[PDB]
Protein chains: 2
Amino acid sequence: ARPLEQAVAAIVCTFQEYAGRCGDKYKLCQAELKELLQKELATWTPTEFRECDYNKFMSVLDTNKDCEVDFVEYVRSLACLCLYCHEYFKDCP
Amino acid sequence: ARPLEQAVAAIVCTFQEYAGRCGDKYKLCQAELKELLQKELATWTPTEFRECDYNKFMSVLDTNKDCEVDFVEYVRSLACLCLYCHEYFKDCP
């Protein structure tokens, strides 16, 4: 019915797929977040200008693989990827 | 298409729909954010022990109707709604 309801339900579903693997079901570690972004958003690539920002963002996740990531931070990461890879934000400050 | 890519692209779609109405295409005011949430996620309701949190969240948007939020802030609001209305987080601290 409503597109946004299914979309948000889907981002929770993906979080559950990775966070539910083992341990604390409400958390991911940075390694898992990196894996999730690489596998679940595999076709998303940086726009002509946010290439640097993107490369860094993804690289940074590797510096502390065990670091905890909660749901809000996971969703924020998705948002950042939109700013880096979605054409709508190409001109966004 | 990958489920998460479709989901995130839809989240951007909705934002663009509301933010593109008039003014700064990269911003919404909290009044419009509340409008978006009540219309796009109309069937989403707080879980058993998050009614108070949810009520405060919704009341805060009214108190700050004219404040603006960018895309990241908008996505953050969606994350918060998951914490309040999605069963997966029912017992999340």
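Deposited coordinates in this entry are attributed by the record to X-ray crystallography, at a stated resolution of 1.70 Å.

Asker: Is there a simple way to think about the overall build of chain A in this case?
Answerer: In terms of helices and strands, chain A carries 4 helices and 2 strands. In chain A, the succession of helices and strands from N to C terminus is α-β-α-α-β-α. In terms of C-alpha radius of gyration, chain A reaches 14 Å, essentially the compact-globule figure of 12 Å for 93 residues. Its C-alpha atoms put chain A at 40 × 40 × 20 Å along the principal axes. In chain A, once contacts between residues fewer than 6 apart in sequence are set aside, the share between residues at least 24 apart is 71%.

Asker: What is the right way to look at the nonpolar core in this model?
Answerer: Formed by 68 residues in total, the largest nonpolar core has its most connected members in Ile-11, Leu-37 and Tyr-74 of chain A together with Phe-71 and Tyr-74 of chain B. Dropping the residues within four chain positions of it, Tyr-74 of chain A is found in contact with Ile-11, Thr-14, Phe-15, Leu-28, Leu-33, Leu-36 and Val-69 of chain A together with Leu-4 of chain B.

Asker: What should I look at first to understand the side chain of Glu-40 of chain B in this one?
Answerer: Considering the arrangement of structural elements, one finds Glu-40 of chain B in helix α2 (residues 30-40). It turns out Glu-40 of chain B is buried and unbridged, and the closest side chain with the opposite charge, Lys-39 of chain B, is 6.0 Å from it. Of note is the side chain of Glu-40 of chain B, whose polar atom sits 2.7 Å from the side chain of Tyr-18 of chain B. Non-local contacts of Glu-40 of chain B, meaning those with residues more than four positions away in its chain, are made with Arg-2, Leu-4 and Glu-5 of chain A together with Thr-14, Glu-17 and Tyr-18 of chain B.

Asker: What am I meant to see in the interface of chain A and chain B here?
Answerer: Frequently, the measure chosen for interface size is the accessible area that the parts lose on association. Tallying the contact residues gives 39 residues for chain A and 38 residues for chain B. Every element with two or more residues in the side of chain A that touches chain B is listed here: α1 (3-19), α2 (30-40) and α4 (71-85) of chain A. Considering each element in turn, the side of chain A that touches chain B owes the most residues, 12 residues, to α1 of chain A. In the side of chain A that touches chain B, the residues fall into 26 nonpolar, 5 polar and 8 charged.

Asker: Help me out: how do you make sense of the pattern of salt bridges in this one?
Answerer: Side-chain pairs of opposite charge can arise whenever the charged atoms involved come near each other. Residues and elements named next belong to chain A. Inspection of every chain in the model, using the stated rule, returns 15 salt bridges over all chains. As a salt-bridge pair, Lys-27 and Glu-68 come within 3.0 Å of each other at their nearest N and O atoms. Of the two residues, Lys-27 is situated in strand β1 (residues 27-29) and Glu-68 in strand β2 (residues 68-70); the sequence distance between them amounts to 41 residues. Overall, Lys-27 belongs to the partly exposed group, its relative accessible area being 24%. We classify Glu-68 as exposed; its relative accessible area is 52%. Here the residues in one salt-bridge network are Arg-21, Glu-35 and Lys-39, joined through shared partners.

Asker: In this structure, what is going on with the state of the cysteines? I would like to understand it.
Answerer: Put plainly, a disulfide is one covalent bond tying together the sulfur atoms of two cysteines. Applying the stated criterion across every chain yields a total of 0 disulfides over all chains. Residue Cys-80 of chain A stays outside any disulfide, its sulfur separated by 9.0 Å from that of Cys-82 of chain A, the closest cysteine.

Asker: Before we go on, may I ask you to explain the packing of aromatic side chains in this structure?
Answerer: Each aromatic ring pair is summarised here by two numbers: the centre-to-centre distance and the angle between the ring planes. In total, this model carries 19 aromatic pairs over all chains according to the counting rule given. For the ring pair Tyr-88 of chain A and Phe-89 of chain A, a centre distance of 5.2 Å and an interplane angle of 85 degrees mean the geometry is edge-to-face. Overall, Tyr-88 of chain A belongs to the buried group, its relative accessible area being 8%. Considering the side-chain rings of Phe-89 of chain A and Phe-15 of chain B, the 6.4 Å spacing of their centres and the 40 degrees angle between planes classify their relative orientation as tilted. Here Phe-15 of chain B lies in helix α1 (residues 3-19) and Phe-89 of chain A lies in the segment after α4, a pairing that spans two chains. Both residues of the pair, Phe-89 of chain A and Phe-15 of chain B, belong to the buried class. What links up through ring pairs into an aromatic cluster is the set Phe-15, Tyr-26, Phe-71 and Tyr-74 of chain A together with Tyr-88 and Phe-89 of chain B. Cation over ring: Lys-25 of chain A sits above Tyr-88 of chain B, and NZ or CZ is 5.8 Å from the ring centre. Lying over the aromatic face of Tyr-18 of chain B, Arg-21 of chain B brings its terminal NZ or CZ to 4.4 Å of the ring centre.

Asker: What should I look at first to understand the UniProt feature "binding site: Ca(2+) 2" in chain A in this one?
Answerer: Residues and elements named next belong to chain A. If you check UniProt for "binding site: Ca(2+) 2", the listed places come out as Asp-62, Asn-64, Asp-66, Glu-68 and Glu-73 in our numbering. Within the fold, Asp-66 resides in the loop between α3 (51-60) and β2. Looking at where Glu-73 falls in the secondary structure, it is placed in helix α4.

Cut-offs applied
Residues numbered from 1 in each chain as written, not as in the entry; some residues may be left out. Chains lettered and ligands numbered in written order. Heavy atoms only, no water. Residues with missing side-chain atoms left out of burial classes, pairs and counts. Helix = DSSP H or I, 4+ residues; strand = E, 2+ residues; numbered from the N terminus. Rg over C-alpha atoms; globule rule 2.2 N^0.38 Å. Contact = heavy atoms within 4.5 Å. Core = buried A, V, L, I, M, F, W, Y, C linked by side-chain atoms within 4.5 Å. Buried < 20%, exposed > 50% of the residue type's maximum accessible area, 1.4 Å probe, protein only. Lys, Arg positive; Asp, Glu negative; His and termini not counted. Salt bridge = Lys/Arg side-chain N within 4 Å of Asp/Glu carboxyl O. Polar contact = N/O pair within 3.5 Å; in protein donor to acceptor, adjacent residues only side chain to side chain. Nonpolar A, V, L, I, M, F, W, Y, C, P; charged D, E, K, R; others polar. Disulfide = S-S within 2.5 Å. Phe/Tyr/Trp six-rings, centres within 6.5 Å; stacked < 30°, edge-to-face > 60°. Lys NZ or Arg CZ within 6 Å of the ring centre and 35° of its normal. UniProt positions renumbered as here; feature names shortened; annotations may be inferred.

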